[PDB]
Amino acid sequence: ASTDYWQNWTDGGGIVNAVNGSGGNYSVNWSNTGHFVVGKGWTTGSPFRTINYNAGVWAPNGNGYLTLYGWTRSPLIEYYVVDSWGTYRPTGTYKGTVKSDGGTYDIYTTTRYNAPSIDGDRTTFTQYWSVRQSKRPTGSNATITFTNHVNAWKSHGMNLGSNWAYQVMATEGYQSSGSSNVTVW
């Protein structure tokens, strides 16, 4: 499917060189950064959506995530489906496990306090995570069956909002350097 949304945010730390490529393709080259998030997807996420991607380059030097990333409003939730990462595996309060698309994921919740929302203003809000148990191999075509993760989250008391905001396959980094090239359809 065609993607329609370009996600490109940086807090202004070091160098984050993001290229909005052809169709669903993007690249990021970063170095000495703060925190940033870059990817391609859809402005309006769906709990039914099935995401295909091929990360031609996954080369973080330090702490970066290769991840489905998105938000709902009413209420405000930030969510992840983490397929690969750098030096650091993200975690939070363990809720259980889900099998999807050839992988086993851990389910976690977090709370963020005094923290920038989708809109940038500081408040308190919950995050939902599925994080793969070991890293997914990269460079061939990969599916994330989001509804598997929506369903398993619901069985663990993790309900998503009613008003969907954007939903992208992203590179997120934390005080690191690296290169990535992801294609999303």
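Start at 1 and count along the sequence shown; that's the residue number.
Averaged over Cα atoms, the B-factor as recorded in the entry is higher for 159-167 than for the other of 159-167 and 21-29.
For the pair 67-75 and 84-92, the mean B factor over Cα atoms is greater in 67-75. Ranking 60, 34, 56, 47 by Cα temperature factor from the entry places 34 first.
Comparing C-alpha B-factors across 147, 52, 134, 126 in the deposited entry, the largest value falls on 147. The deposited CA B-factor of residue 181 belongs to the middle third of values across its chain. Among the modelled residues of its chain, residue 107 has a C-alpha B-factor that falls in the lowest third according to the deposited record. For residue 43, the recorded CA temperature factor ranks within the middle third of the chain's modelled residues. When the modelled residues of the chain are ordered by C-alpha B-factor, residue 151 sits in the middle third.
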